[PDB]
Amino acid sequence: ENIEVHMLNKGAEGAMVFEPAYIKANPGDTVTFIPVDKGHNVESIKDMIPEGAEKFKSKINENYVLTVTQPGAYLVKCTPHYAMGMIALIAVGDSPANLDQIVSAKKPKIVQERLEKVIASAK
Ligand SMILES: [Cu+2]
């Protein structure tokens, strides 16, 4: 199954966002990131993807198609806008084993704020 995500300068949660910022997927699915506005990309964050998963980084402004294989939670960022809160959480399979670890991990305050919103209301 494919899930489309838009990379925008401004959206419902404020500036620099992925929409949706919570993606539910199964092994084998793809996530397509579309640069609706210029200046964005997607990058996996170190130690915030599951054991066994490969790290990934797209180029700025390219349409990028991610195939997800390993179950667990993945926190991805937009490289230039991580400090401004531009992240998304991909949850592959049920009860992702590493989710609490990702919620507790060191990250910028605005990122933590948006992450907690997406898990609460966006779940
Ligand atoms: Cu960005």
# chains A, B, ... in the order shown; residues from 1 in each chain; ligands from 1

call {"tool": "residues_around", "arguments": {"residues": "residue 80 in chain A", "least_positions_apart": "4", "cutoff": "8 Å", "atoms": "only C-alpha atoms", "output": "PDB file with N, CA, C and O atoms, in the first residue's frame"}}
result
ATOM      1  N   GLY A  39      12.785  23.263  -0.628  1.00  0.00           N
ATOM      2  CA  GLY A  39      13.647  23.406   0.537  1.00  0.00           C
ATOM      3  C   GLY A  39      13.591  22.287   1.548  1.00  0.00           C
ATOM      4  O   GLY A  39      14.085  22.440   2.668  1.00  0.00           O
ATOM      5  N   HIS A  40      12.919  21.196   1.179  1.00  0.00           N
ATOM      6  CA  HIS A  40      12.791  20.098   2.155  1.00  0.00           C
ATOM      7  C   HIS A  40      13.349  18.777   1.636  1.00  0.00           C
ATOM      8  O   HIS A  40      13.539  18.535   0.446  1.00  0.00           O
ATOM      9  N   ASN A  41      13.584  17.851   2.573  1.00  0.00           N
ATOM     10  CA  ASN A  41      13.993  16.485   2.256  1.00  0.00           C
ATOM     11  C   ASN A  41      13.543  15.597   3.436  1.00  0.00           C
ATOM     12  O   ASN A  41      12.845  16.093   4.334  1.00  0.00           O
TER      13      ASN A  41
END

call {"tool": "residues_near_ligand", "arguments": {"ligand": "ligand 1", "cutoff": "10 Å", "atoms": "only C-alpha atoms and all ligand atoms", "output": "list in words"}}
result
residues 7, 8, 9, 15, 16, 17, 18, 35, 37, 38, 39, 40, 41, 42, 60, 61, 77, 78, 79, 80, 81, 82, 83, 84, 85, 86 and 87 of chain A

call {"tool": "select_by_dssp", "arguments": {"residues": "chain A", "states": "helix (DSSP H, G or I)", "output": "MDAnalysis selection string"}}
result
chainID A and resid 82:84 99:104 109:120

call {"tool": "select_by_dssp", "arguments": {"residues": "range 13-113 of chain A", "states": "strand (DSSP E)", "output": "PDB file with N, CA, C and O atoms, in the first residue's frame"}}
result
ATOM      1  N   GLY A  14       1.669  24.552  12.075  1.00  0.00           N
ATOM      2  CA  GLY A  14       2.544  25.704  12.032  1.00  0.00           C
ATOM      3  C   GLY A  14       3.500  25.617  10.864  1.00  0.00           C
ATOM      4  O   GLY A  14       3.159  25.042   9.824  1.00  0.00           O
ATOM      5  N   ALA A  15       4.682  26.191  11.007  1.00  0.00           N
ATOM      6  CA  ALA A  15       5.679  26.224   9.975  1.00  0.00           C
ATOM      7  C   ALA A  15       6.480  24.913   9.952  1.00  0.00           C
ATOM      8  O   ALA A  15       6.727  24.343  11.018  1.00  0.00           O
ATOM      9  N   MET A  16       6.938  24.586   8.752  1.00  0.00           N
ATOM     10  CA  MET A  16       7.835  23.480   8.473  1.00  0.00           C
ATOM     11  C   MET A  16       7.256  22.155   8.945  1.00  0.00           C
ATOM     12  O   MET A  16       7.623  21.656  10.009  1.00  0.00           O
ATOM     13  N   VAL A  17       6.365  21.572   8.148  1.00  0.00           N
ATOM     14  CA  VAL A  17       5.698  20.351   8.597  1.00  0.00           C
ATOM     15  C   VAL A  17       5.634  19.299   7.493  1.00  0.00           C
ATOM     16  O   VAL A  17       5.672  19.582   6.306  1.00  0.00           O
ATOM     17  N   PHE A  18       5.486  18.069   7.979  1.00  0.00           N
ATOM     18  CA  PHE A  18       5.112  16.944   7.115  1.00  0.00           C
ATOM     19  C   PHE A  18       3.618  16.725   7.359  1.00  0.00           C
ATOM     20  O   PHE A  18       3.182  16.742   8.520  1.00  0.00           O
ATOM     21  N   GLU A  19       2.876  16.467   6.277  1.00  0.00           N
ATOM     22  CA  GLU A  19       1.443  16.184   6.456  1.00  0.00           C
ATOM     23  C   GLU A  19       1.117  14.914   5.671  1.00  0.00           C
ATOM     24  O   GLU A  19       1.346  14.938   4.461  1.00  0.00           O
ATOM     25  N   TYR A  22       1.979  11.532  11.215  1.00  0.00           N
ATOM     26  CA  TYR A  22       1.867  10.193  11.790  1.00  0.00           C
ATOM     27  C   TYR A  22       1.477   9.258  10.646  1.00  0.00           C
ATOM     28  O   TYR A  22       0.452   9.464   9.992  1.00  0.00           O
ATOM     29  N   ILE A  23       2.321   8.268  10.371  1.00  0.00           N
ATOM     30  CA  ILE A  23       2.046   7.366   9.251  1.00  0.00           C
ATOM     31  C   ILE A  23       2.021   5.948   9.801  1.00  0.00           C
ATOM     32  O   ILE A  23       2.983   5.490  10.398  1.00  0.00           O
ATOM     33  N   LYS A  24       0.912   5.272   9.537  1.00  0.00           N
ATOM     34  CA  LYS A  24       0.774   3.877   9.964  1.00  0.00           C
ATOM     35  C   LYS A  24       1.012   3.000   8.733  1.00  0.00           C
ATOM     36  O   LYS A  24       0.396   3.225   7.685  1.00  0.00           O
ATOM     37  N   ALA A  25       1.914   2.028   8.865  1.00  0.00           N
ATOM     38  CA  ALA A  25       2.224   1.244   7.665  1.00  0.00           C
ATOM     39  C   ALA A  25       2.532  -0.196   8.068  1.00  0.00           C
ATOM     40  O   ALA A  25       2.701  -0.519   9.243  1.00  0.00           O
ATOM     41  N   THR A  30       4.980   1.419   0.933  1.00  0.00           N
ATOM     42  CA  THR A  30       5.881   2.505   0.582  1.00  0.00           C
ATOM     43  C   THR A  30       5.291   3.815   1.126  1.00  0.00           C
ATOM     44  O   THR A  30       4.081   3.958   1.300  1.00  0.00           O
ATOM     45  N   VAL A  31       6.202   4.730   1.384  1.00  0.00           N
ATOM     46  CA  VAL A  31       5.820   6.071   1.819  1.00  0.00           C
ATOM     47  C   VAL A  31       6.413   7.031   0.795  1.00  0.00           C
ATOM     48  O   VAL A  31       7.617   7.006   0.588  1.00  0.00           O
ATOM     49  N   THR A  32       5.553   7.798   0.155  1.00  0.00           N
ATOM     50  CA  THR A  32       6.054   8.708  -0.874  1.00  0.00           C
ATOM     51  C   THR A  32       6.055  10.147  -0.348  1.00  0.00           C
ATOM     52  O   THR A  32       4.988  10.656  -0.005  1.00  0.00           O
ATOM     53  N   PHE A  33       7.235  10.753  -0.311  1.00  0.00           N
ATOM     54  CA  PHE A  33       7.341  12.123   0.214  1.00  0.00           C
ATOM     55  C   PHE A  33       7.364  13.112  -0.956  1.00  0.00           C
ATOM     56  O   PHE A  33       8.261  12.991  -1.781  1.00  0.00           O
ATOM     57  N   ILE A  34       6.398  14.032  -0.975  1.00  0.00           N
ATOM     58  CA  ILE A  34       6.291  14.967  -2.078  1.00  0.00           C
ATOM     59  C   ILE A  34       6.654  16.393  -1.713  1.00  0.00           C
ATOM     60  O   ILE A  34       6.118  16.951  -0.762  1.00  0.00           O
ATOM     61  N   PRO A  35       7.597  16.968  -2.434  1.00  0.00           N
ATOM     62  CA  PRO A  35       8.008  18.337  -2.098  1.00  0.00           C
ATOM     63  C   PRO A  35       7.059  19.359  -2.701  1.00  0.00           C
ATOM     64  O   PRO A  35       7.383  19.930  -3.744  1.00  0.00           O
ATOM     65  N   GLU A  43      15.160  12.499   6.122  1.00  0.00           N
ATOM     66  CA  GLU A  43      16.342  11.818   6.631  1.00  0.00           C
ATOM     67  C   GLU A  43      15.976  11.022   7.877  1.00  0.00           C
ATOM     68  O   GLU A  43      15.288  11.567   8.760  1.00  0.00           O
ATOM     69  N   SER A  44      16.432   9.766   7.972  1.00  0.00           N
ATOM     70  CA  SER A  44      16.197   9.046   9.227  1.00  0.00           C
ATOM     71  C   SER A  44      17.082   9.638  10.333  1.00  0.00           C
ATOM     72  O   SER A  44      18.206  10.063  10.089  1.00  0.00           O
ATOM     73  N   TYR A  64      10.629  11.442  -2.947  1.00  0.00           N
ATOM     74  CA  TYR A  64      11.376  10.280  -2.473  1.00  0.00           C
ATOM     75  C   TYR A  64      10.410   9.187  -2.054  1.00  0.00           C
ATOM     76  O   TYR A  64       9.424   9.407  -1.355  1.00  0.00           O
ATOM     77  N   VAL A  65      10.730   7.959  -2.460  1.00  0.00           N
ATOM     78  CA  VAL A  65       9.851   6.849  -2.125  1.00  0.00           C
ATOM     79  C   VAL A  65      10.598   5.910  -1.186  1.00  0.00           C
ATOM     80  O   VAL A  65      11.635   5.357  -1.533  1.00  0.00           O
ATOM     81  N   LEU A  66      10.073   5.829   0.016  1.00  0.00           N
ATOM     82  CA  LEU A  66      10.679   4.988   1.040  1.00  0.00           C
ATOM     83  C   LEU A  66       9.972   3.651   1.121  1.00  0.00           C
ATOM     84  O   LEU A  66       8.754   3.631   1.343  1.00  0.00           O
ATOM     85  N   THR A  67      10.713   2.542   1.037  1.00  0.00           N
ATOM     86  CA  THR A  67      10.049   1.260   1.290  1.00  0.00           C
ATOM     87  C   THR A  67      10.351   0.851   2.737  1.00  0.00           C
ATOM     88  O   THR A  67      11.528   0.881   3.116  1.00  0.00           O
ATOM     89  N   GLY A  72       8.426  -1.501  13.785  1.00  0.00           N
ATOM     90  CA  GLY A  72       8.926  -0.602  14.814  1.00  0.00           C
ATOM     91  C   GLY A  72       8.613   0.823  14.402  1.00  0.00           C
ATOM     92  O   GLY A  72       7.953   1.078  13.384  1.00  0.00           O
ATOM     93  N   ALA A  73       9.072   1.757  15.223  1.00  0.00           N
ATOM     94  CA  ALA A  73       8.789   3.166  14.951  1.00  0.00           C
ATOM     95  C   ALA A  73      10.031   3.818  14.362  1.00  0.00           C
ATOM     96  O   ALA A  73      11.181   3.444  14.615  1.00  0.00           O
ATOM     97  N   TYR A  74       9.779   4.796  13.485  1.00  0.00           N
ATOM     98  CA  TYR A  74      10.854   5.508  12.818  1.00  0.00           C
ATOM     99  C   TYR A  74      10.583   7.012  13.024  1.00  0.00           C
ATOM    100  O   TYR A  74       9.500   7.461  12.636  1.00  0.00           O
ATOM    101  N   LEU A  75      11.547   7.766  13.538  1.00  0.00           N
ATOM    102  CA  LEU A  75      11.350   9.229  13.566  1.00  0.00           C
ATOM    103  C   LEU A  75      12.186   9.780  12.418  1.00  0.00           C
ATOM    104  O   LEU A  75      13.390   9.471  12.366  1.00  0.00           O
ATOM    105  N   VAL A  76      11.530  10.499  11.514  1.00  0.00           N
ATOM    106  CA  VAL A  76      12.294  11.076  10.398  1.00  0.00           C
ATOM    107  C   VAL A  76      12.249  12.585  10.523  1.00  0.00           C
ATOM    108  O   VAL A  76      11.333  13.189  11.091  1.00  0.00           O
ATOM    109  N   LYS A  77      13.279  13.209   9.959  1.00  0.00           N
ATOM    110  CA  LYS A  77      13.269  14.674   9.997  1.00  0.00           C
ATOM    111  C   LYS A  77      13.468  15.197   8.572  1.00  0.00           C
ATOM    112  O   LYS A  77      13.935  14.473   7.681  1.00  0.00           O
ATOM    113  N   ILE A  87       9.242  17.031  11.555  1.00  0.00           N
ATOM    114  CA  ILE A  87       9.497  15.590  11.735  1.00  0.00           C
ATOM    115  C   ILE A  87       8.218  14.832  11.400  1.00  0.00           C
ATOM    116  O   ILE A  87       7.125  15.388  11.346  1.00  0.00           O
ATOM    117  N   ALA A  88       8.375  13.517  11.234  1.00  0.00           N
ATOM    118  CA  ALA A  88       7.215  12.650  11.069  1.00  0.00           C
ATOM    119  C   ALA A  88       7.543  11.333  11.783  1.00  0.00           C
ATOM    120  O   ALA A  88       8.716  10.937  11.873  1.00  0.00           O
ATOM    121  N   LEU A  89       6.503  10.666  12.271  1.00  0.00           N
ATOM    122  CA  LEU A  89       6.692   9.359  12.931  1.00  0.00           C
ATOM    123  C   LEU A  89       6.055   8.285  12.055  1.00  0.00           C
ATOM    124  O   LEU A  89       4.875   8.413  11.693  1.00  0.00           O
ATOM    125  N   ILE A  90       6.816   7.283  11.666  1.00  0.00           N
ATOM    126  CA  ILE A  90       6.246   6.161  10.893  1.00  0.00           C
ATOM    127  C   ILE A  90       6.181   4.977  11.874  1.00  0.00           C
ATOM    128  O   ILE A  90       7.180   4.661  12.533  1.00  0.00           O
ATOM    129  N   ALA A  91       5.012   4.362  11.969  1.00  0.00           N
ATOM    130  CA  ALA A  91       4.819   3.206  12.858  1.00  0.00           C
ATOM    131  C   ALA A  91       4.514   1.984  11.972  1.00  0.00           C
ATOM    132  O   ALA A  91       3.487   2.003  11.299  1.00  0.00           O
ATOM    133  N   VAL A  92       5.457   1.047  11.985  1.00  0.00           N
ATOM    134  CA  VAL A  92       5.308  -0.152  11.142  1.00  0.00           C
ATOM    135  C   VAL A  92       4.949  -1.323  12.038  1.00  0.00           C
ATOM    136  O   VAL A  92       5.716  -1.719  12.917  1.00  0.00           O
TER     137      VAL A  92
END

call {"tool": "closest_residue", "arguments": {"among": "A:107, A:94, A:27, A:71", "to": "residue 50 in chain A", "atoms": "only C-alpha atoms"}}
result
A:71

call {"tool": "closest_residue", "arguments": {"among": "A:2, A:12, A:48, A:26", "to": "residue 101 in chain A", "atoms": "only C-alpha atoms"}}
result
A:48

call {"tool": "decode", "arguments": {"residues": "range 7-117 of chain A", "atoms": "C-alpha atoms", "output": "mmCIF file, in the first residue's frame"}}
result
data_model
loop_
_atom_site.group_PDB
_atom_site.id
_atom_site.type_symbol
_atom_site.label_atom_id
_atom_site.label_comp_id
_atom_site.auth_asym_id
_atom_site.auth_seq_id
_atom_site.Cartn_x
_atom_site.Cartn_y
_atom_site.Cartn_z
ATOM 1 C CA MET A 7 6.526 18.515 2.713
ATOM 2 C CA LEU A 8 5.337 22.055 3.349
ATOM 3 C CA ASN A 9 6.491 25.447 4.602
ATOM 4 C CA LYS A 10 3.240 25.898 6.504
ATOM 5 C CA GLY A 11 0.429 23.603 7.534
ATOM 6 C CA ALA A 12 -2.061 22.877 10.295
ATOM 7 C CA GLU A 13 0.555 22.603 13.044
ATOM 8 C CA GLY A 14 2.544 25.704 12.032
ATOM 9 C CA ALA A 15 5.679 26.224 9.975
ATOM 10 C CA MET A 16 7.835 23.480 8.473
ATOM 11 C CA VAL A 17 5.698 20.351 8.597
ATOM 12 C CA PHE A 18 5.112 16.944 7.115
ATOM 13 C CA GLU A 19 1.443 16.184 6.456
ATOM 14 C CA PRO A 20 0.539 13.691 7.753
ATOM 15 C CA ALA A 21 3.090 13.593 10.570
ATOM 16 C CA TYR A 22 1.867 10.193 11.790
ATOM 17 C CA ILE A 23 2.046 7.366 9.251
ATOM 18 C CA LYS A 24 0.774 3.877 9.964
ATOM 19 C CA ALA A 25 2.224 1.244 7.665
ATOM 20 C CA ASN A 26 2.967 -2.473 7.305
ATOM 21 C CA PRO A 27 6.164 -4.227 6.097
ATOM 22 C CA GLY A 28 6.289 -3.934 2.361
ATOM 23 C CA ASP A 29 4.423 -0.617 2.127
ATOM 24 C CA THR A 30 5.881 2.505 0.582
ATOM 25 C CA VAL A 31 5.820 6.071 1.819
ATOM 26 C CA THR A 32 6.054 8.708 -0.874
ATOM 27 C CA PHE A 33 7.341 12.123 0.214
ATOM 28 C CA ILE A 34 6.291 14.967 -2.078
ATOM 29 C CA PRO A 35 8.008 18.337 -2.098
ATOM 30 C CA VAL A 36 4.991 20.645 -2.449
ATOM 31 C CA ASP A 37 7.177 23.570 -1.313
ATOM 32 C CA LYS A 38 10.926 23.748 -2.057
ATOM 33 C CA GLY A 39 13.647 23.406 0.537
ATOM 34 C CA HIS A 40 12.791 20.098 2.155
ATOM 35 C CA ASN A 41 13.993 16.485 2.256
ATOM 36 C CA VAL A 42 13.662 13.422 4.513
ATOM 37 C CA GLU A 43 16.342 11.818 6.631
ATOM 38 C CA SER A 44 16.197 9.046 9.227
ATOM 39 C CA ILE A 45 17.373 10.213 12.670
ATOM 40 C CA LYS A 46 20.206 8.317 14.329
ATOM 41 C CA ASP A 47 19.134 5.833 16.944
ATOM 42 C CA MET A 48 15.480 6.574 16.169
ATOM 43 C CA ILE A 49 14.772 3.818 13.637
ATOM 44 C CA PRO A 50 14.398 0.118 14.389
ATOM 45 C CA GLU A 51 17.147 -2.413 14.824
ATOM 46 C CA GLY A 52 18.013 -3.783 11.389
ATOM 47 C CA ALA A 53 16.582 -0.905 9.385
ATOM 48 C CA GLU A 54 18.775 0.955 6.921
ATOM 49 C CA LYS A 55 19.379 4.676 7.361
ATOM 50 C CA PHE A 56 18.167 6.885 4.508
ATOM 51 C CA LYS A 57 18.483 10.474 3.311
ATOM 52 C CA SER A 58 16.835 12.015 0.261
ATOM 53 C CA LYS A 59 18.086 15.045 -1.675
ATOM 54 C CA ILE A 60 16.454 18.448 -1.151
ATOM 55 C CA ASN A 61 13.426 18.909 -3.432
ATOM 56 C CA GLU A 62 13.257 15.366 -4.734
ATOM 57 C CA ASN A 63 10.204 13.179 -4.659
ATOM 58 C CA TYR A 64 11.376 10.280 -2.473
ATOM 59 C CA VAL A 65 9.851 6.849 -2.125
ATOM 60 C CA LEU A 66 10.679 4.988 1.040
ATOM 61 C CA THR A 67 10.049 1.260 1.290
ATOM 62 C CA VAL A 68 9.603 0.143 4.909
ATOM 63 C CA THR A 69 10.516 -3.417 5.889
ATOM 64 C CA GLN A 70 11.388 -3.618 9.557
ATOM 65 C CA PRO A 71 8.601 -3.265 12.157
ATOM 66 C CA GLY A 72 8.926 -0.602 14.814
ATOM 67 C CA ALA A 73 8.789 3.166 14.951
ATOM 68 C CA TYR A 74 10.854 5.508 12.818
ATOM 69 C CA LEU A 75 11.350 9.229 13.566
ATOM 70 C CA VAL A 76 12.294 11.076 10.398
ATOM 71 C CA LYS A 77 13.269 14.674 9.997
ATOM 72 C CA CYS A 78 13.679 17.231 7.263
ATOM 73 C CA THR A 79 17.444 17.951 7.502
ATOM 74 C CA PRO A 80 17.328 21.757 7.186
ATOM 75 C CA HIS A 81 14.257 22.147 9.378
ATOM 76 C CA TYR A 82 14.734 19.657 12.212
ATOM 77 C CA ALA A 83 15.304 22.403 14.752
ATOM 78 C CA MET A 84 12.045 24.080 13.619
ATOM 79 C CA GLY A 85 10.084 20.911 14.328
ATOM 80 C CA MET A 86 9.801 19.275 10.909
ATOM 81 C CA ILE A 87 9.497 15.590 11.735
ATOM 82 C CA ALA A 88 7.215 12.650 11.069
ATOM 83 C CA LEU A 89 6.692 9.359 12.931
ATOM 84 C CA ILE A 90 6.246 6.161 10.893
ATOM 85 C CA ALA A 91 4.819 3.206 12.858
ATOM 86 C CA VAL A 92 5.308 -0.152 11.142
ATOM 87 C CA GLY A 93 3.266 -3.022 12.509
ATOM 88 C CA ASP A 94 1.482 -3.129 15.879
ATOM 89 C CA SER A 95 2.883 -2.002 19.242
ATOM 90 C CA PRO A 96 6.252 -0.699 18.029
ATOM 91 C CA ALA A 97 8.868 -1.952 20.510
ATOM 92 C CA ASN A 98 11.017 1.194 20.282
ATOM 93 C CA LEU A 99 8.351 3.861 20.591
ATOM 94 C CA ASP A 100 8.893 4.696 24.285
ATOM 95 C CA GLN A 101 12.657 4.889 23.613
ATOM 96 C CA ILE A 102 12.041 7.387 20.821
ATOM 97 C CA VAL A 103 9.726 9.507 22.999
ATOM 98 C CA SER A 104 12.391 9.662 25.724
ATOM 99 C CA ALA A 105 15.400 10.367 23.431
ATOM 100 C CA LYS A 106 17.219 13.703 23.402
ATOM 101 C CA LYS A 107 15.799 16.082 20.742
ATOM 102 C CA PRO A 108 14.912 19.787 20.351
ATOM 103 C CA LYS A 109 12.016 21.058 22.459
ATOM 104 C CA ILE A 110 9.803 21.935 19.513
ATOM 105 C CA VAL A 111 10.356 18.493 18.033
ATOM 106 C CA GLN A 112 9.388 16.863 21.333
ATOM 107 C CA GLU A 113 6.304 19.038 21.461
ATOM 108 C CA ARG A 114 5.143 18.039 18.011
ATOM 109 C CA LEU A 115 5.998 14.381 18.602
ATOM 110 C CA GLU A 116 3.869 14.282 21.717
ATOM 111 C CA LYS A 117 0.968 15.851 19.796
#
